[PDB]
Each structure stands twice: as C-alpha cells, then as structure tokens.
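Have a look at run21.pdb below; it lists PDB, N, CA and C atoms and all ligand atoms.
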ATOM      1  N   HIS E1796      78.482 139.081 139.989
ATOM      2  CA  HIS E1796      77.761 137.810 139.972
ATOM      3  C   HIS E1796      77.731 137.179 141.366
ATOM      4  N   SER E1797      76.535 136.805 141.820
ATOM      5  CA  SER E1797      76.417 136.100 143.090
ATOM      6  C   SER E1797      76.758 134.622 142.942
ATOM      7  N   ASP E1798      76.600 134.074 141.733
ATOM      8  CA  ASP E1798      76.984 132.690 141.476
ATOM      9  C   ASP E1798      78.502 132.539 141.465
ATOM     10  N   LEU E1799      79.194 133.405 140.716
ATOM     11  CA  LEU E1799      80.653 133.383 140.716
ATOM     12  C   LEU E1799      81.217 133.684 142.097
ATOM     13  N   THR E1800      80.488 134.464 142.901
ATOM     14  CA  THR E1800      80.935 134.788 144.252
ATOM     15  C   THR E1800      81.084 133.533 145.102
ATOM     16  N   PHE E1801      80.057 132.679 145.112
ATOM     17  CA  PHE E1801      80.134 131.479 145.934
ATOM     18  C   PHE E1801      81.115 130.463 145.366
ATOM     19  N   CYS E1802      81.299 130.442 144.043
ATOM     20  CA  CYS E1802      82.294 129.550 143.456
ATOM     21  C   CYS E1802      83.683 129.857 144.002
ATOM     22  N   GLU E1803      84.034 131.142 144.063
ATOM     23  CA  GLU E1803      85.307 131.548 144.647
ATOM     24  C   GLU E1803      85.397 131.132 146.115
ATOM     25  N   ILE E1804      84.275 131.178 146.835
ATOM     26  CA  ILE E1804      84.276 130.758 148.238
ATOM     27  C   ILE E1804      84.534 129.261 148.345
ATOM     28  N   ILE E1805      83.800 128.468 147.561
ATOM     29  CA  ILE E1805      83.903 127.021 147.687
ATOM     30  C   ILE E1805      85.214 126.510 147.097
ATOM     31  N   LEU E1806      85.732 127.158 146.050
ATOM     32  CA  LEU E1806      87.045 126.771 145.545
ATOM     33  C   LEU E1806      88.127 127.054 146.579
ATOM     34  N   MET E1807      88.007 128.175 147.294
ATOM     35  CA  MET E1807      88.975 128.497 148.334
ATOM     36  C   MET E1807      89.003 127.417 149.407
ATOM     37  N   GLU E1808      87.825 126.949 149.826
ATOM     38  CA  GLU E1808      87.750 125.946 150.880
ATOM     39  C   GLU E1808      88.258 124.590 150.411
ATOM     40  N   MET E1809      88.052 124.252 149.139
ATOM     41  CA  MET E1809      88.560 122.980 148.639
ATOM     42  C   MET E1809      90.076 123.008 148.507
ATOM     43  N   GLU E1810      90.635 124.121 148.016
ATOM     44  CA  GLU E1810      92.086 124.236 147.880
ATOM     45  C   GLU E1810      92.798 124.088 149.220
ATOM     46  N   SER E1811      92.164 124.522 150.310
ATOM     47  CA  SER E1811      92.764 124.496 151.636
ATOM     48  C   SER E1811      92.415 123.246 152.432
ATOM     49  N   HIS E1812      91.542 122.392 151.910
ATOM     50  CA  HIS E1812      91.115 121.202 152.630
ATOM     51  C   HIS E1812      92.295 120.255 152.850
ATOM     52  N   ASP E1813      92.257 119.527 153.969
ATOM     53  CA  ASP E1813      93.288 118.527 154.252
ATOM     54  C   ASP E1813      93.392 117.497 153.131
ATOM     55  N   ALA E1814      92.251 116.973 152.682
ATOM     56  CA  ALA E1814      92.215 115.898 151.700
ATOM     57  C   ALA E1814      92.304 116.393 150.256
ATOM     58  N   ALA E1815      92.710 117.636 150.024
ATOM     59  CA  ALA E1815      92.813 118.166 148.671
ATOM     60  C   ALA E1815      94.151 117.875 148.010
ATOM     61  N   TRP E1816      95.063 117.199 148.706
ATOM     62  CA  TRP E1816      96.410 117.022 148.173
ATOM     63  C   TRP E1816      96.492 116.319 146.813
ATOM     64  N   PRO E1817      95.594 115.407 146.414
ATOM     65  CA  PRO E1817      95.728 114.819 145.070
ATOM     66  C   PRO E1817      95.223 115.697 143.936
ATOM     67  N   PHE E1818      94.589 116.825 144.238
ATOM     68  CA  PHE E1818      93.818 117.562 143.245
ATOM     69  C   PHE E1818      94.318 118.988 143.069
ATOM     70  N   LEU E1819      95.442 119.346 143.694
ATOM     71  CA  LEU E1819      95.934 120.716 143.630
ATOM     72  C   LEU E1819      96.643 121.037 142.321
ATOM     73  N   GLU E1820      97.115 120.035 141.594
ATOM     74  CA  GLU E1820      97.779 120.241 140.318
ATOM     75  C   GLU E1820      97.399 119.098 139.390
ATOM     76  N   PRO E1821      97.523 119.296 138.075
ATOM     77  CA  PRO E1821      97.150 118.232 137.130
ATOM     78  C   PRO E1821      98.003 116.983 137.297
ATOM     79  N   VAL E1822      97.373 115.826 137.084
ATOM     80  CA  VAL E1822      98.113 114.572 137.026
ATOM     81  C   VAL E1822      99.103 114.617 135.873
ATOM     82  N   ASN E1823     100.329 114.166 136.132
ATOM     83  CA  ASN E1823     101.333 114.048 135.084
ATOM     84  C   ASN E1823     101.198 112.668 134.455
ATOM     85  N   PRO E1824     100.669 112.554 133.233
ATOM     86  CA  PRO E1824     100.487 111.215 132.643
ATOM     87  C   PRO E1824     101.792 110.467 132.422
ATOM     88  N   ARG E1825     102.906 111.178 132.226
ATOM     89  CA  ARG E1825     104.201 110.508 132.130
ATOM     90  C   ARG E1825     104.514 109.704 133.386
ATOM     91  N   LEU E1826     103.981 110.119 134.537
ATOM     92  CA  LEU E1826     104.298 109.501 135.817
ATOM     93  C   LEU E1826     103.263 108.482 136.281
ATOM     94  N   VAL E1827     102.136 108.349 135.579
ATOM     95  CA  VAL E1827     101.038 107.472 135.988
ATOM     96  C   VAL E1827     100.662 106.593 134.805
ATOM     97  N   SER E1828     100.944 105.298 134.911
ATOM     98  CA  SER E1828     100.694 104.391 133.799
ATOM     99  C   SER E1828      99.198 104.246 133.540
ATOM    100  N   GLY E1829      98.793 104.472 132.289
ATOM    101  CA  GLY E1829      97.424 104.270 131.871
ATOM    102  C   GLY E1829      96.508 105.462 132.056
ATOM    103  N   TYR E1830      96.977 106.531 132.703
ATOM    104  CA  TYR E1830      96.096 107.657 132.997
ATOM    105  C   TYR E1830      95.602 108.322 131.720
ATOM    106  N   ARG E1831      96.524 108.589 130.789
ATOM    107  CA  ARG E1831      96.167 109.186 129.506
ATOM    108  C   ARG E1831      95.095 108.366 128.797
ATOM    109  N   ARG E1832      95.248 107.043 128.803
ATOM    110  CA  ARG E1832      94.336 106.162 128.086
ATOM    111  C   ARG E1832      92.952 106.106 128.734
ATOM    112  N   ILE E1833      92.864 106.277 130.057
ATOM    113  CA  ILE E1833      91.629 106.017 130.801
ATOM    114  C   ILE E1833      90.820 107.288 131.060
ATOM    115  N   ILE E1834      91.493 108.416 131.273
ATOM    116  CA  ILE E1834      90.836 109.661 131.664
ATOM    117  C   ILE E1834      90.842 110.611 130.469
ATOM    118  N   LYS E1835      89.686 110.751 129.814
ATOM    119  CA  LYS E1835      89.621 111.541 128.585
ATOM    120  C   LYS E1835      89.757 113.037 128.859
ATOM    121  N   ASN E1836      89.093 113.547 129.897
ATOM    122  CA  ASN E1836      89.103 114.977 130.209
ATOM    123  C   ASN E1836      89.625 115.199 131.625
ATOM    124  N   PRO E1837      90.940 115.315 131.802
ATOM    125  CA  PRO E1837      91.485 115.570 133.141
ATOM    126  C   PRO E1837      91.055 116.927 133.673
ATOM    127  N   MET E1838      91.090 117.043 134.999
ATOM    128  CA  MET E1838      90.629 118.241 135.681
ATOM    129  C   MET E1838      91.190 118.232 137.095
ATOM    130  N   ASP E1839      91.426 119.424 137.626
ATOM    131  CA  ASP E1839      91.966 119.578 138.967
ATOM    132  C   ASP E1839      91.661 120.994 139.439
ATOM    133  N   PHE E1840      92.053 121.284 140.683
ATOM    134  CA  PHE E1840      91.659 122.543 141.304
ATOM    135  C   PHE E1840      92.432 123.725 140.734
ATOM    136  N   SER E1841      93.704 123.523 140.376
ATOM    137  CA  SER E1841      94.485 124.623 139.814
ATOM    138  C   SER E1841      93.960 125.023 138.441
ATOM    139  N   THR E1842      93.562 124.040 137.628
ATOM    140  CA  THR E1842      92.905 124.343 136.361
ATOM    141  C   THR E1842      91.617 125.126 136.583
ATOM    142  N   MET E1843      90.857 124.778 137.623
ATOM    143  CA  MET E1843      89.659 125.550 137.936
ATOM    144  C   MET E1843      90.022 126.943 138.438
ATOM    145  N   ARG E1844      91.053 127.039 139.282
ATOM    146  CA  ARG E1844      91.529 128.341 139.736
ATOM    147  C   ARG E1844      91.943 129.218 138.561
ATOM    148  N   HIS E1845      92.682 128.649 137.606
ATOM    149  CA  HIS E1845      93.129 129.405 136.437
ATOM    150  C   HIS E1845      91.945 129.903 135.617
ATOM    151  N   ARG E1846      90.946 129.041 135.405
ATOM    152  CA  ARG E1846      89.808 129.433 134.576
ATOM    153  C   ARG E1846      88.937 130.476 135.267
ATOM    154  N   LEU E1847      88.853 130.435 136.596
ATOM    155  CA  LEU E1847      88.108 131.464 137.310
ATOM    156  C   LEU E1847      88.831 132.809 137.252
ATOM    157  N   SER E1848      90.164 132.792 137.364
ATOM    158  CA  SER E1848      90.946 134.027 137.381
ATOM    159  C   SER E1848      90.841 134.787 136.063
ATOM    160  N   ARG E1849      90.844 134.075 134.939
ATOM    161  CA  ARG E1849      90.759 134.711 133.633
ATOM    162  C   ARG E1849      89.326 134.961 133.199
ATOM    163  N   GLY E1850      88.359 134.753 134.090
ATOM    164  CA  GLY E1850      86.971 135.013 133.764
ATOM    165  C   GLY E1850      86.352 134.017 132.811
ATOM    166  N   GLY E1851      86.837 132.774 132.804
ATOM    167  CA  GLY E1851      86.389 131.752 131.879
ATOM    168  C   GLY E1851      85.149 130.972 132.264
ATOM    169  N   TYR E1852      84.497 131.293 133.380
ATOM    170  CA  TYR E1852      83.257 130.631 133.773
ATOM    171  C   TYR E1852      82.087 131.569 133.516
ATOM    172  N   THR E1853      81.111 131.091 132.743
ATOM    173  CA  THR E1853      79.875 131.835 132.522
ATOM    174  C   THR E1853      78.961 131.752 133.737
ATOM    175  N   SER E1854      78.528 130.545 134.075
ATOM    176  CA  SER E1854      77.590 130.316 135.156
ATOM    177  C   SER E1854      78.237 129.430 136.208
ATOM    178  N   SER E1855      77.561 129.317 137.350
ATOM    179  CA  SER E1855      78.015 128.399 138.381
ATOM    180  C   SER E1855      77.836 126.944 137.965
ATOM    181  N   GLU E1856      76.989 126.673 136.965
ATOM    182  CA  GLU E1856      76.814 125.303 136.487
ATOM    183  C   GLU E1856      78.095 124.772 135.857
ATOM    184  N   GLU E1857      78.744 125.588 135.018
ATOM    185  CA  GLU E1857      80.002 125.172 134.408
ATOM    186  C   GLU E1857      81.074 124.929 135.458
ATOM    187  N   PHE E1858      81.086 125.733 136.524
ATOM    188  CA  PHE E1858      82.032 125.505 137.610
ATOM    189  C   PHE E1858      81.755 124.177 138.296
ATOM    190  N   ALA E1859      80.478 123.871 138.532
ATOM    191  CA  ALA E1859      80.119 122.613 139.177
ATOM    192  C   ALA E1859      80.493 121.422 138.306
ATOM    193  N   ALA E1860      80.350 121.562 136.986
ATOM    194  CA  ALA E1860      80.709 120.480 136.080
ATOM    195  C   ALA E1860      82.190 120.139 136.188
ATOM    196  N   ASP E1861      83.049 121.156 136.294
ATOM    197  CA  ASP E1861      84.479 120.895 136.425
ATOM    198  C   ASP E1861      84.798 120.238 137.760
ATOM    199  N   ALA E1862      84.122 120.661 138.832
ATOM    200  CA  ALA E1862      84.377 120.056 140.132
ATOM    201  C   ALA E1862      83.947 118.598 140.147
ATOM    202  N   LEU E1863      82.782 118.295 139.575
ATOM    203  CA  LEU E1863      82.334 116.910 139.543
ATOM    204  C   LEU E1863      83.214 116.070 138.628
ATOM    205  N   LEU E1864      83.817 116.692 137.614
ATOM    206  CA  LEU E1864      84.762 115.981 136.758
ATOM    207  C   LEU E1864      85.974 115.500 137.554
ATOM    208  N   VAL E1865      86.490 116.347 138.450
ATOM    209  CA  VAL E1865      87.626 115.962 139.290
ATOM    210  C   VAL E1865      87.331 114.654 140.014
ATOM    211  N   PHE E1866      86.150 114.563 140.627
ATOM    212  CA  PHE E1866      85.824 113.409 141.452
ATOM    213  C   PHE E1866      85.346 112.226 140.622
ATOM    214  N   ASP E1867      84.654 112.484 139.510
ATOM    215  CA  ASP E1867      84.359 111.407 138.570
ATOM    216  C   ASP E1867      85.647 110.760 138.074
ATOM    217  N   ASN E1868      86.613 111.579 137.634
ATOM    218  CA  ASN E1868      87.893 111.040 137.179
ATOM    219  C   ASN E1868      88.591 110.275 138.291
ATOM    220  N   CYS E1869      88.544 110.813 139.511
ATOM    221  CA  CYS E1869      89.190 110.163 140.641
ATOM    222  C   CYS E1869      88.615 108.771 140.877
ATOM    223  N   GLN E1870      87.287 108.646 140.831
ATOM    224  CA  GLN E1870      86.644 107.350 141.006
ATOM    225  C   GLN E1870      86.806 106.440 139.790
ATOM    226  N   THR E1871      87.002 107.004 138.593
ATOM    227  CA  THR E1871      87.223 106.163 137.417
ATOM    228  C   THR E1871      88.601 105.510 137.456
ATOM    229  N   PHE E1872      89.613 106.237 137.913
ATOM    230  CA  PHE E1872      90.963 105.700 137.854
ATOM    231  C   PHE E1872      91.417 105.029 139.147
ATOM    232  N   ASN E1873      90.973 105.502 140.307
ATOM    233  CA  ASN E1873      91.517 105.049 141.582
ATOM    234  C   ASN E1873      90.536 104.146 142.311
ATOM    235  N   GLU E1874      91.069 103.095 142.933
ATOM    236  CA  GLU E1874      90.260 102.246 143.797
ATOM    237  C   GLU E1874      89.696 103.052 144.959
ATOM    238  N   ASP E1875      88.474 102.702 145.361
ATOM    239  CA  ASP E1875      87.831 103.390 146.474
ATOM    240  C   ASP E1875      88.659 103.299 147.752
ATOM    241  N   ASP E1876      89.492 102.266 147.889
ATOM    242  CA  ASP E1876      90.323 102.124 149.079
ATOM    243  C   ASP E1876      91.757 102.583 148.870
ATOM    244  N   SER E1877      92.092 103.119 147.701
ATOM    245  CA  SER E1877      93.401 103.731 147.536
ATOM    246  C   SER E1877      93.465 105.035 148.324
ATOM    247  N   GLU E1878      94.691 105.517 148.544
ATOM    248  CA  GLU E1878      94.864 106.785 149.249
ATOM    249  C   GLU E1878      94.233 107.932 148.468
ATOM    250  N   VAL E1879      94.498 107.993 147.158
ATOM    251  CA  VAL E1879      93.914 109.041 146.324
ATOM    252  C   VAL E1879      92.400 108.912 146.296
ATOM    253  N   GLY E1880      91.898 107.679 146.199
ATOM    254  CA  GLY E1880      90.461 107.475 146.160
ATOM    255  C   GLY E1880      89.776 107.895 147.447
ATOM    256  N   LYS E1881      90.403 107.603 148.591
ATOM    257  CA  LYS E1881      89.812 107.989 149.869
ATOM    258  C   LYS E1881      89.770 109.505 150.021
ATOM    259  N   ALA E1882      90.819 110.197 149.568
ATOM    260  CA  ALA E1882      90.803 111.657 149.602
ATOM    261  C   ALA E1882      89.729 112.228 148.685
ATOM    262  N   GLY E1883      89.448 111.555 147.567
ATOM    263  CA  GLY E1883      88.441 112.057 146.646
ATOM    264  C   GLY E1883      87.030 111.928 147.190
ATOM    265  N   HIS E1884      86.744 110.830 147.890
ATOM    266  CA  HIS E1884      85.432 110.680 148.508
ATOM    267  C   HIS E1884      85.206 111.746 149.567
ATOM    268  N   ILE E1885      86.237 112.045 150.356
ATOM    269  CA  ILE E1885      86.143 113.136 151.318
ATOM    270  C   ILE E1885      85.904 114.459 150.602
ATOM    271  N   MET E1886      86.644 114.708 149.516
ATOM    272  CA  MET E1886      86.491 115.974 148.806
ATOM    273  C   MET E1886      85.163 116.048 148.065
ATOM    274  N   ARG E1887      84.710 114.925 147.501
ATOM    275  CA  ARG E1887      83.434 114.909 146.795
ATOM    276  C   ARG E1887      82.275 115.162 147.755
ATOM    277  N   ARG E1888      82.270 114.487 148.907
ATOM    278  CA  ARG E1888      81.195 114.716 149.870
ATOM    279  C   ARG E1888      81.216 116.153 150.378
ATOM    280  N   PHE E1889      82.415 116.707 150.594
ATOM    281  CA  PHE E1889      82.527 118.103 151.001
ATOM    282  C   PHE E1889      81.927 119.034 149.953
ATOM    283  N   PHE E1890      82.256 118.817 148.674
ATOM    284  CA  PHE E1890      81.735 119.710 147.644
ATOM    285  C   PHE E1890      80.225 119.579 147.503
ATOM    286  N   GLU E1891      79.710 118.348 147.475
ATOM    287  CA  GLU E1891      78.276 118.155 147.298
ATOM    288  C   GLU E1891      77.491 118.836 148.412
ATOM    289  N   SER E1892      77.918 118.653 149.662
ATOM    290  CA  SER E1892      77.190 119.256 150.776
ATOM    291  C   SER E1892      77.300 120.775 150.747
ATOM    292  N   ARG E1893      78.510 121.295 150.526
ATOM    293  CA  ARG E1893      78.700 122.743 150.508
ATOM    294  C   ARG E1893      77.941 123.386 149.354
ATOM    295  N   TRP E1894      77.957 122.748 148.184
ATOM    296  CA  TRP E1894      77.244 123.290 147.032
ATOM    297  C   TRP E1894      75.741 123.323 147.267
ATOM    298  N   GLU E1895      75.215 122.369 148.037
ATOM    299  CA  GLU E1895      73.777 122.308 148.269
ATOM    300  C   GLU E1895      73.338 123.226 149.403
ATOM    301  N   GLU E1896      74.181 123.434 150.420
ATOM    302  CA  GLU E1896      73.883 124.464 151.416
ATOM    303  C   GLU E1896      73.909 125.932 151.004
ATOM    304  N   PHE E1897      74.265 126.182 149.745
ATOM    305  CA  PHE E1897      73.985 127.441 149.072
ATOM    306  C   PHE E1897      72.899 127.477 148.007
ATOM    307  N   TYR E1898      72.828 126.430 147.191
ATOM    308  CA  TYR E1898      71.814 126.330 146.147
ATOM    309  C   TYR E1898      70.790 125.245 146.482
TER     310      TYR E1898
HETATM  311  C1  LIG P   1      96.422 109.078 139.145
HETATM  312  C2  LIG P   1      95.467 109.888 140.019
HETATM  313  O1  LIG P   1      94.299 109.697 139.955
HETATM  314  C3  LIG P   1      96.019 110.949 140.983
HETATM  315  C4  LIG P   1      95.432 112.161 141.287
HETATM  316  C5  LIG P   1      94.117 112.688 140.726
HETATM  317  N1  LIG P   1      96.229 112.789 142.165
HETATM  318  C6  LIG P   1      97.297 112.032 142.434
HETATM  319  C7  LIG P   1      98.454 112.391 143.395
HETATM  320  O2  LIG P   1      98.869 111.579 144.152
HETATM  321  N2  LIG P   1      99.043 113.743 143.372
HETATM  322  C8  LIG P   1      98.601 114.853 142.459
HETATM  323  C9  LIG P   1      99.767 115.460 141.674
HETATM  324  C10 LIG P   1     100.882 115.884 142.559
HETATM  325  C11 LIG P   1     101.327 114.796 143.455
HETATM  326  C12 LIG P   1     102.383 115.422 144.384
HETATM  327  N3  LIG P   1     102.470 116.687 144.722
HETATM  328  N4  LIG P   1     103.544 116.874 145.569
HETATM  329  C13 LIG P   1     104.127 115.684 145.751
HETATM  330  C14 LIG P   1     103.415 114.752 145.015
HETATM  331  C15 LIG P   1     103.714 113.254 144.917
HETATM  332  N5  LIG P   1     102.721 112.630 145.188
HETATM  333  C16 LIG P   1     102.928 111.166 144.863
HETATM  334  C17 LIG P   1     103.055 110.454 146.225
HETATM  335  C18 LIG P   1     103.234 111.369 147.064
HETATM  336  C19 LIG P   1     102.511 112.678 146.443
HETATM  337  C20 LIG P   1     100.165 114.197 144.257
HETATM  338  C21 LIG P   1      97.180 110.867 141.696
HETATM  339  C22 LIG P   1      98.170 109.701 141.681
HETATM  340 MG    MG P   2      77.457 113.075 138.809
END
Could you write out this structure as structure tokens?
Amino acid sequence: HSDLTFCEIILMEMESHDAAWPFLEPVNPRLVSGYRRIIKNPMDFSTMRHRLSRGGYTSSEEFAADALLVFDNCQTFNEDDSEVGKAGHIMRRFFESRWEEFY
C-alpha cells in the first residue's frame, strides 16, 4: 500500500518531533482530573503505532482520523496557552502541512 507507506513515514516524524512529548503515550485519567468525563475517545501516537503494527488500518483516511483526534482532544481539554496546548498546535500544524504535501 502506498497510503500505508506514507502513514508510517508521517507517524515516524511525529513520534520524533520535539513537541510530541504530550502525545507519546495515553493520558492516565487517574492522574488528570476531569479527563475521563471530557474526552470521550482518547487517542495518542503509541495507540496509532500499535494499530499500524498489527495491520489495523484499512485506508490512510482512518489513520488521518486518529491523528486529528489527538489534536481535537488536545484542544478540547487544554487551554491554547497551556504547555500541552502549545505543543499540540505545533504538532497539529506539522501534521496538516505534511499530510497535504503528499495528498
Ligand atoms: C491532559 C492532557 O491533555 C495531556 C496530554 C494529551 N498529554 C499530557 C502530558 O503532559 N503527558 C502525556 C503522558 C505522559 C506524560 C509524561 N511522560 N513522561 C513524563 C511525563 C509527565 N509529564 C507531566 C509533567 C511533566 C510530563 C506527559 C497531558 C497532561
Ligand atoms: Mg477537523
């Protein structure tokens, strides 16, 4: 698959990005007050890595949906001027531009 090929490329670059530190592992709701109540479908890069490794993505569209979920959730829970929120805007702009320079 040429679609799955670029997903592996763009996931690799996001995992290694400087501003990827809030998204490398799932949020622990025990450690974050209100997260469980506010974020219905959590998502992060390791969950995407796991689903790609086991062949769980059909098309590149499903991969893009999970990536946009990460940043949608980030903007739903975190203030735009929080540390986590600022890293998410950097990561979201990176993904949007990189995804469009291929498709
Ligand atoms: C609540 C929220 O939307 C959020 C997201 C999407 N991500 C983070 C976040 O901060 N992390 C992600 C999980 C691991 C955390 C981690 N990994 N190694 C050490 C730490 C400790 N953190 C806390 C402060 C210093 C780093 C970092 C939040 C709050
Ligand atoms: Mg959107």
In Å, with one decimal, what is the gap from atom N of residue 1843 (chain E) to atom N of residue 1829 (chain E)?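 Computed distance, atom N of residue 1843 (chain E) to atom N of residue 1829 (chain E), equals 22.4 Å.
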Enumerate residues in contact with ligand LIG 1 (chain P): an atom-to-atom distance of at most 8 Å, counting all atoms listed in the file. Format the result as a PDB file with N, CA and C atoms, in the frame of the given file.
ATOM      1  N   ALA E1815      92.710 117.636 150.024  1.00  0.00           N
ATOM      2  CA  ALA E1815      92.813 118.166 148.671  1.00  0.00           C
ATOM      3  C   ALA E1815      94.151 117.875 148.010  1.00  0.00           C
ATOM      4  N   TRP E1816      95.063 117.199 148.706  1.00  0.00           N
ATOM      5  CA  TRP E1816      96.410 117.022 148.173  1.00  0.00           C
ATOM      6  C   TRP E1816      96.492 116.319 146.813  1.00  0.00           C
ATOM      7  N   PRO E1817      95.594 115.407 146.414  1.00  0.00           N
ATOM      8  CA  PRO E1817      95.728 114.819 145.070  1.00  0.00           C
ATOM      9  C   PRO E1817      95.223 115.697 143.936  1.00  0.00           C
ATOM     10  N   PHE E1818      94.589 116.825 144.238  1.00  0.00           N
ATOM     11  CA  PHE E1818      93.818 117.562 143.245  1.00  0.00           C
ATOM     12  C   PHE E1818      94.318 118.988 143.069  1.00  0.00           C
ATOM     13  N   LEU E1819      95.442 119.346 143.694  1.00  0.00           N
ATOM     14  CA  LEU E1819      95.934 120.716 143.630  1.00  0.00           C
ATOM     15  C   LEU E1819      96.643 121.037 142.321  1.00  0.00           C
ATOM     16  N   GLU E1820      97.115 120.035 141.594  1.00  0.00           N
ATOM     17  CA  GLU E1820      97.779 120.241 140.318  1.00  0.00           C
ATOM     18  C   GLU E1820      97.399 119.098 139.390  1.00  0.00           C
ATOM     19  N   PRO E1821      97.523 119.296 138.075  1.00  0.00           N
ATOM     20  CA  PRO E1821      97.150 118.232 137.130  1.00  0.00           C
ATOM     21  C   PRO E1821      98.003 116.983 137.297  1.00  0.00           C
ATOM     22  N   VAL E1822      97.373 115.826 137.084  1.00  0.00           N
ATOM     23  CA  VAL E1822      98.113 114.572 137.026  1.00  0.00           C
ATOM     24  C   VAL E1822      99.103 114.617 135.873  1.00  0.00           C
ATOM     25  N   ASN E1823     100.329 114.166 136.132  1.00  0.00           N
ATOM     26  CA  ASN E1823     101.333 114.048 135.084  1.00  0.00           C
ATOM     27  C   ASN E1823     101.198 112.668 134.455  1.00  0.00           C
ATOM     28  N   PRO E1824     100.669 112.554 133.233  1.00  0.00           N
ATOM     29  CA  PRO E1824     100.487 111.215 132.643  1.00  0.00           C
ATOM     30  C   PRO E1824     101.792 110.467 132.422  1.00  0.00           C
ATOM     31  N   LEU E1826     103.981 110.119 134.537  1.00  0.00           N
ATOM     32  CA  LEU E1826     104.298 109.501 135.817  1.00  0.00           C
ATOM     33  C   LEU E1826     103.263 108.482 136.281  1.00  0.00           C
ATOM     34  N   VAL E1827     102.136 108.349 135.579  1.00  0.00           N
ATOM     35  CA  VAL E1827     101.038 107.472 135.988  1.00  0.00           C
ATOM     36  C   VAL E1827     100.662 106.593 134.805  1.00  0.00           C
ATOM     37  N   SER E1828     100.944 105.298 134.911  1.00  0.00           N
ATOM     38  CA  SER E1828     100.694 104.391 133.799  1.00  0.00           C
ATOM     39  C   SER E1828      99.198 104.246 133.540  1.00  0.00           C
ATOM     40  N   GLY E1829      98.793 104.472 132.289  1.00  0.00           N
ATOM     41  CA  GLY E1829      97.424 104.270 131.871  1.00  0.00           C
ATOM     42  C   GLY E1829      96.508 105.462 132.056  1.00  0.00           C
ATOM     43  N   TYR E1830      96.977 106.531 132.703  1.00  0.00           N
ATOM     44  CA  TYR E1830      96.096 107.657 132.997  1.00  0.00           C
ATOM     45  C   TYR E1830      95.602 108.322 131.720  1.00  0.00           C
ATOM     46  N   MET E1838      91.090 117.043 134.999  1.00  0.00           N
ATOM     47  CA  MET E1838      90.629 118.241 135.681  1.00  0.00           C
ATOM     48  C   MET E1838      91.190 118.232 137.095  1.00  0.00           C
ATOM     49  N   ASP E1839      91.426 119.424 137.626  1.00  0.00           N
ATOM     50  CA  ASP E1839      91.966 119.578 138.967  1.00  0.00           C
ATOM     51  C   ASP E1839      91.661 120.994 139.439  1.00  0.00           C
ATOM     52  N   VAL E1865      86.490 116.347 138.450  1.00  0.00           N
ATOM     53  CA  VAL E1865      87.626 115.962 139.290  1.00  0.00           C
ATOM     54  C   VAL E1865      87.331 114.654 140.014  1.00  0.00           C
ATOM     55  N   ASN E1868      86.613 111.579 137.634  1.00  0.00           N
ATOM     56  CA  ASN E1868      87.893 111.040 137.179  1.00  0.00           C
ATOM     57  C   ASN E1868      88.591 110.275 138.291  1.00  0.00           C
ATOM     58  N   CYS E1869      88.544 110.813 139.511  1.00  0.00           N
ATOM     59  CA  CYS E1869      89.190 110.163 140.641  1.00  0.00           C
ATOM     60  C   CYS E1869      88.615 108.771 140.877  1.00  0.00           C
ATOM     61  N   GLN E1870      87.287 108.646 140.831  1.00  0.00           N
ATOM     62  CA  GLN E1870      86.644 107.350 141.006  1.00  0.00           C
ATOM     63  C   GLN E1870      86.806 106.440 139.790  1.00  0.00           C
ATOM     64  N   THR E1871      87.002 107.004 138.593  1.00  0.00           N
ATOM     65  CA  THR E1871      87.223 106.163 137.417  1.00  0.00           C
ATOM     66  C   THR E1871      88.601 105.510 137.456  1.00  0.00           C
ATOM     67  N   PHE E1872      89.613 106.237 137.913  1.00  0.00           N
ATOM     68  CA  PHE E1872      90.963 105.700 137.854  1.00  0.00           C
ATOM     69  C   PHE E1872      91.417 105.029 139.147  1.00  0.00           C
ATOM     70  N   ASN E1873      90.973 105.502 140.307  1.00  0.00           N
ATOM     71  CA  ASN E1873      91.517 105.049 141.582  1.00  0.00           C
ATOM     72  C   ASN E1873      90.536 104.146 142.311  1.00  0.00           C
ATOM     73  N   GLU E1874      91.069 103.095 142.933  1.00  0.00           N
ATOM     74  CA  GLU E1874      90.260 102.246 143.797  1.00  0.00           C
ATOM     75  C   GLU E1874      89.696 103.052 144.959  1.00  0.00           C
ATOM     76  N   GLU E1878      94.691 105.517 148.544  1.00  0.00           N
ATOM     77  CA  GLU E1878      94.864 106.785 149.249  1.00  0.00           C
ATOM     78  C   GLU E1878      94.233 107.932 148.468  1.00  0.00           C
ATOM     79  N   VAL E1879      94.498 107.993 147.158  1.00  0.00           N
ATOM     80  CA  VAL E1879      93.914 109.041 146.324  1.00  0.00           C
ATOM     81  C   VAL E1879      92.400 108.912 146.296  1.00  0.00           C
ATOM     82  N   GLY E1880      91.898 107.679 146.199  1.00  0.00           N
ATOM     83  CA  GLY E1880      90.461 107.475 146.160  1.00  0.00           C
ATOM     84  C   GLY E1880      89.776 107.895 147.447  1.00  0.00           C
TER      85      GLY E1880
END
Starting from the shown file, work through the PyMOL selection byres (((chain E and resi 1894 and name CA) around 12) and not hetatm and name CA) and note down what comes out as a ChimeraX atom specification. /E:1798,1801-1806,1808-1809,1855-1856,1858-1860,1862-1863,1886-1893,1895-1898
Separation of atom C of residue 1861 (chain E) from CA of residue 1842 (chain E) in Å: 9.2 Å
Mind pulling up the distance from CA of residue 1814 (chain E) to CA of residue 1882 (chain E)? 4.9 Å
Give me region 1874-1878 of chain E with N, CA, C and O atoms filled in, as a PDB file, in the frame of the given file.
ATOM      1  N   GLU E1874      91.069 103.095 142.933  1.00  0.00           N
ATOM      2  CA  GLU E1874      90.260 102.246 143.797  1.00  0.00           C
ATOM      3  C   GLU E1874      89.696 103.052 144.959  1.00  0.00           C
ATOM      4  O   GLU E1874      90.348 103.957 145.490  1.00  0.00           O
ATOM      5  N   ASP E1875      88.474 102.702 145.361  1.00  0.00           N
ATOM      6  CA  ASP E1875      87.831 103.390 146.474  1.00  0.00           C
ATOM      7  C   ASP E1875      88.659 103.299 147.752  1.00  0.00           C
ATOM      8  O   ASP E1875      88.558 104.177 148.619  1.00  0.00           O
ATOM      9  N   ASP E1876      89.492 102.266 147.889  1.00  0.00           N
ATOM     10  CA  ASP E1876      90.323 102.124 149.079  1.00  0.00           C
ATOM     11  C   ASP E1876      91.757 102.583 148.870  1.00  0.00           C
ATOM     12  O   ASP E1876      92.567 102.467 149.794  1.00  0.00           O
ATOM     13  N   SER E1877      92.092 103.119 147.701  1.00  0.00           N
ATOM     14  CA  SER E1877      93.401 103.731 147.536  1.00  0.00           C
ATOM     15  C   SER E1877      93.465 105.035 148.324  1.00  0.00           C
ATOM     16  O   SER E1877      92.441 105.604 148.719  1.00  0.00           O
ATOM     17  N   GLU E1878      94.691 105.517 148.544  1.00  0.00           N
ATOM     18  CA  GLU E1878      94.864 106.785 149.249  1.00  0.00           C
ATOM     19  C   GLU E1878      94.233 107.932 148.468  1.00  0.00           C
ATOM     20  O   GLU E1878      93.512 108.763 149.034  1.00  0.00           O
TER      21      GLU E1878
END
